[PDB]
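Structure record follows, encoded as structure tokens.
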Amino acid sequence: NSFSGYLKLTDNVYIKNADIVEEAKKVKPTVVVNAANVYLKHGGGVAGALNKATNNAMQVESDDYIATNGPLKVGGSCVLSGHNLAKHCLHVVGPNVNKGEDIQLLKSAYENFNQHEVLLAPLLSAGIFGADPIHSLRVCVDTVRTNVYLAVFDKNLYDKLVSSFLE
Ligand SMILES: CC(C)[C@H](Nc1ncnc2[nH]ccc12)c1ccc2c(c1)S(=O)(=O)CCC2
């Protein structure tokens with residue numbers, strides 16, 4: 001959990017402009033969060049990047065979990081191996097607003113983080129999931145009580161998020 005160069009927002013929420021994959025290699029976190037979908041198909045974005053960094057081992061393990069347990073629910077999660085990126089990967093399904101899912105489920109999605117003492121995570125439901133990223137940060141700060149290190153891979157968005165928090 002050797003996090004470096006983060007800006008502390010609250011006593012339990014930190015943020016950095018960085019690729020979560022690059023962070024997981026630098027930090028060696030106990031938990032890395034994946035911004036998953038309900039069938040754990042890691043086809044692009046954050047999930048595709050984390051899977052590629054495991055040379056597809058994450059996808060094979062994910063398909064086996066879905067075979068035995070069935071899909072996740074929106075707002076739910078599961079704990080699987082972290083492979084070479086972390087001890088564990090917490091796969092969390094935030095709502096995809098662009099596909100009609102309820103933004104209120106973003107609180108349930110962040111609540112999964114509270115079962116783990118320290119996490120490296122992306123900004124849930126941002127990017128192509130369509131949630132307003134300033135709203136996602138506000139839900140993160142109001143919901144997560146354990147120690148969360150957010151990696152946001154875009155300097156323009158990072159600057160807007162820090163300026164919004166400090167208003
Ligand atoms: C807002 C983006 C800059 C951010 N991208 C990232 N944030 C941190 N490490 C990253 N590695 C590669 C991309 C990447 C982001 C955060 C959350 C979501 C996505 C994107 S998505 O994949 O479009 C859909 C799922 C939710």
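Chain lettering (A, B, ...) mirrors the order of the structure tokens, residue numbering begins at 1 for each chain separately, and ligand numbering begins at 1 in order of display.
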Notebook entry, point to check: Within 10 Å of residue A:164, counting only C-alpha atoms, which residues qualify if same-chain residues fewer than 4 places away don't, as number ranges by chain?
Noted result: A: 134-135, 137-138, 158-160
Margin query: Which residues are near ligand 1 - at most 7 Å, using only C-alpha atoms and all ligand atoms? Format: as a list in words.
Written below: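 Residues satisfying the distance criterion: residues 18, 19, 20, 21, 35, 44, 45, 46, 47, 49, 122, 123, 124, 125, 126, 127, 128, 129, 151, 152, 153, 154 and 157 of chain A.
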Margin query: Can you pull out every residue from stretch 84-126 of chain A that DSSP, working from the backbone, puts in alpha helix (DSSP H), and format the result as a ChimeraX atom specification?
Written below: /A:105-111
For those residues, write N, CA and C atoms to a file as a JSON list (two decimals), in the first residue's frame.
```json
[["chain", "number", "residue", "atom", "x", "y", "z"],
["A", 105, "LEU", "N", -28.25, 3.92, -7.51],
["A", 105, "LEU", "CA", -27.47, 2.73, -7.21],
["A", 105, "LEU", "C", -25.98, 3.02, -7.01],
["A", 106, "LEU", "N", -25.48, 4.21, -7.38],
["A", 106, "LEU", "CA", -24.10, 4.57, -7.16],
["A", 106, "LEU", "C", -23.75, 4.57, -5.66],
["A", 107, "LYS", "N", -24.71, 4.92, -4.78],
["A", 107, "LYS", "CA", -24.44, 4.82, -3.34],
["A", 107, "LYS", "C", -24.20, 3.37, -2.93],
["A", 108, "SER", "N", -25.08, 2.45, -3.42],
["A", 108, "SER", "CA", -24.91, 1.01, -3.12],
["A", 108, "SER", "C", -23.55, 0.54, -3.64],
["A", 109, "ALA", "N", -23.20, 0.99, -4.87],
["A", 109, "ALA", "CA", -21.91, 0.54, -5.46],
["A", 109, "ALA", "C", -20.71, 0.95, -4.54],
["A", 110, "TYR", "N", -20.65, 2.22, -4.11],
["A", 110, "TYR", "CA", -19.56, 2.67, -3.22],
["A", 110, "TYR", "C", -19.62, 1.98, -1.85],
["A", 111, "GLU", "N", -20.84, 1.63, -1.37],
["A", 111, "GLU", "CA", -20.94, 0.94, -0.07],
["A", 111, "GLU", "C", -20.13, -0.37, -0.05]]
```
Item checked: Atomic separation - atom CA of residue A:58 relative to atom CA of residue A:2, Å -> 23.2 Å
Next item on the list: Apply DSSP to the structure's backbone, then extract all residues of stretch 6-165 of chain A labelled strand (DSSP E or B) and return them as a VMD selection string.
Entry: chain A and resid 7 to 8 13 to 17 31 to 35 77 to 81 88 to 92 118 to 121 147 to 152
If you keep N, CA and C atoms, can you produce a file of those selected residues as a tab-separated table (two decimals), in the first residue's frame?
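The new file out.tsv reads:
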```tsv
chain	number	residue	atom	x	y	z
A	7	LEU	N	-3.35	13.53	-3.52
A	7	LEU	CA	-3.85	14.70	-2.80
A	7	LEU	C	-4.93	14.21	-1.83
A	8	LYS	N	-4.75	14.50	-0.54
A	8	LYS	CA	-5.74	14.12	0.47
A	8	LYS	C	-6.89	15.06	0.43
A	13	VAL	N	-10.30	9.87	1.98
A	13	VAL	CA	-10.35	9.86	0.50
A	13	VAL	C	-9.19	10.64	-0.09
A	14	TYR	N	-8.43	10.00	-0.99
A	14	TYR	CA	-7.23	10.58	-1.66
A	14	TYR	C	-7.46	10.48	-3.17
A	15	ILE	N	-6.80	11.36	-3.95
A	15	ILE	CA	-6.94	11.32	-5.41
A	15	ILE	C	-5.66	11.62	-6.14
A	16	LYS	N	-5.48	10.99	-7.30
A	16	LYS	CA	-4.30	11.20	-8.15
A	16	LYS	C	-4.68	11.15	-9.58
A	17	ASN	N	-3.94	11.89	-10.41
A	17	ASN	CA	-4.07	11.82	-11.88
A	17	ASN	C	-3.15	10.68	-12.30
A	31	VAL	N	-6.18	-4.30	-2.15
A	31	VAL	CA	-7.36	-4.42	-3.00
A	31	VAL	C	-7.28	-3.40	-4.12
A	32	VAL	N	-7.57	-3.84	-5.36
A	32	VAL	CA	-7.83	-2.96	-6.50
A	32	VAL	C	-9.26	-3.15	-6.91
A	33	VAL	N	-9.97	-2.04	-7.11
A	33	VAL	CA	-11.37	-2.12	-7.53
A	33	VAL	C	-11.44	-2.12	-9.05
A	34	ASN	N	-12.28	-2.99	-9.61
A	34	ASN	CA	-12.62	-2.96	-11.04
A	34	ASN	C	-13.99	-2.32	-11.21
A	35	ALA	N	-14.11	-1.50	-12.27
A	35	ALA	CA	-15.40	-0.88	-12.61
A	35	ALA	C	-16.03	-1.95	-13.60
A	77	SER	N	-21.19	-6.45	-5.79
A	77	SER	CA	-19.78	-6.75	-6.03
A	77	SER	C	-19.44	-8.18	-5.70
A	78	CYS	N	-18.25	-8.59	-6.12
A	78	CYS	CA	-17.65	-9.85	-5.69
A	78	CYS	C	-16.17	-9.64	-5.49
A	79	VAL	N	-15.54	-10.50	-4.68
A	79	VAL	CA	-14.09	-10.50	-4.43
A	79	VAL	C	-13.45	-11.67	-5.17
A	80	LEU	N	-12.54	-11.37	-6.09
A	80	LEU	CA	-11.79	-12.40	-6.80
A	80	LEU	C	-10.30	-12.11	-6.66
A	81	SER	N	-9.43	-12.94	-7.29
A	81	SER	CA	-8.00	-12.70	-7.19
A	81	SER	C	-7.61	-11.37	-7.77
A	88	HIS	N	-6.30	-8.88	-3.85
A	88	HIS	CA	-7.68	-9.13	-4.29
A	88	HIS	C	-8.17	-8.08	-5.28
A	89	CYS	N	-9.08	-8.49	-6.17
A	89	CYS	CA	-9.76	-7.52	-6.99
A	89	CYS	C	-11.20	-7.52	-6.52
A	90	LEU	N	-11.73	-6.34	-6.13
A	90	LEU	CA	-13.13	-6.17	-5.80
A	90	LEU	C	-13.81	-5.67	-7.08
A	91	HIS	N	-14.62	-6.56	-7.70
A	91	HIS	CA	-15.35	-6.19	-8.90
A	91	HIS	C	-16.65	-5.52	-8.47
A	92	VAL	N	-16.84	-4.24	-8.74
A	92	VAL	CA	-18.00	-3.43	-8.33
A	92	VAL	C	-18.77	-2.98	-9.55
A	118	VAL	N	-8.35	-0.81	2.95
A	118	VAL	CA	-7.62	0.09	2.04
A	118	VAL	C	-7.92	-0.37	0.61
A	119	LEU	N	-8.20	0.59	-0.31
A	119	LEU	CA	-8.49	0.25	-1.72
A	119	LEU	C	-7.90	1.25	-2.64
A	120	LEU	N	-7.44	0.75	-3.79
A	120	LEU	CA	-7.09	1.54	-4.98
A	120	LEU	C	-8.29	1.40	-5.91
A	121	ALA	N	-8.90	2.55	-6.33
A	121	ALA	CA	-10.15	2.44	-7.10
A	121	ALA	C	-10.28	3.50	-8.20
A	147	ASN	N	-10.38	3.47	3.72
A	147	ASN	CA	-9.38	4.36	3.11
A	147	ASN	C	-9.31	4.08	1.62
A	148	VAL	N	-9.69	5.07	0.82
A	148	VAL	CA	-9.78	4.91	-0.65
A	148	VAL	C	-8.88	5.88	-1.38
A	149	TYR	N	-8.10	5.32	-2.31
A	149	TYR	CA	-7.15	6.05	-3.15
A	149	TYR	C	-7.68	5.98	-4.59
A	150	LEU	N	-8.19	7.12	-5.04
A	150	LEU	CA	-8.81	7.19	-6.37
A	150	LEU	C	-7.77	7.57	-7.44
A	151	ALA	N	-7.68	6.74	-8.47
A	151	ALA	CA	-6.82	7.03	-9.62
A	151	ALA	C	-7.69	7.42	-10.79
A	152	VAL	N	-7.52	8.67	-11.30
A	152	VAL	CA	-8.34	9.18	-12.40
A	152	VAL	C	-7.39	9.46	-13.55
```
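Excluding residue A:93 itself and same-chain residues fewer than 6 positions from it, the residues having an atom within 8 Å of it are residues 35, 36, 37, 38, 72, 73, 74, 75, 76, 77 and 109 of chain A, counting only C-alpha atoms.
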Expected file contents, prior selection, N, CA and C atoms, as a compact mmCIF listing (two decimals), in the first residue's frame:
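Below is the file result.txt, written as the result:
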```
# COMPACT_ATOMS: atom_id res chain seq x y z
N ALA A 35 -14.11 -1.50 -12.27
CA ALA A 35 -15.40 -0.88 -12.61
C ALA A 35 -16.03 -1.95 -13.60
N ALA A 36 -16.62 -2.98 -13.00
CA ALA A 36 -17.17 -4.16 -13.71
C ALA A 36 -18.59 -3.93 -14.22
N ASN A 37 -19.05 -4.85 -15.07
CA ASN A 37 -20.43 -5.04 -15.46
C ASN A 37 -20.96 -6.35 -14.82
N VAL A 38 -22.29 -6.61 -14.96
CA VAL A 38 -22.88 -7.70 -14.22
C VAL A 38 -22.42 -9.09 -14.66
N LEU A 72 -23.76 -10.63 -11.30
CA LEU A 72 -23.92 -9.72 -10.18
C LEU A 72 -25.19 -8.88 -10.41
N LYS A 73 -25.60 -8.11 -9.39
CA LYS A 73 -26.67 -7.14 -9.55
C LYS A 73 -25.98 -5.77 -9.70
N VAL A 74 -26.68 -4.80 -10.32
CA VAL A 74 -26.16 -3.44 -10.37
C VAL A 74 -26.15 -2.90 -8.94
N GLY A 75 -25.02 -2.33 -8.52
CA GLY A 75 -24.78 -1.89 -7.16
C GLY A 75 -24.10 -2.92 -6.28
N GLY A 76 -23.86 -4.15 -6.81
CA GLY A 76 -23.26 -5.25 -6.06
C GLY A 76 -21.79 -5.44 -6.41
N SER A 77 -21.19 -6.45 -5.79
CA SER A 77 -19.78 -6.75 -6.03
C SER A 77 -19.44 -8.18 -5.70
N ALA A 109 -23.20 0.99 -4.87
CA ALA A 109 -21.91 0.54 -5.46
C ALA A 109 -20.71 0.95 -4.54
```
Check: Skipping near chain neighbours, those fewer than 2 positions away, what residues fall within 9 Å of residue A:39 using only C-alpha atoms, listed as a list in words?
Finding: residues 36, 37, 41, 42, 62, 63, 66, 70, 71 and 72 of chain A
Check: Pick the closest to residue A:65 from A:146, A:97, A:40, A:23: which is it, counting only C-alpha atoms?
Finding: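 Going through A:146, A:97, A:40, A:23 one by one, the smallest distance to residue A:65 is for A:40.
Residue nearest residue A:56 within the list A:117, A:95, A:43, A:30: A:43 [criterion: smallest interatomic distance, only C-alpha atoms].
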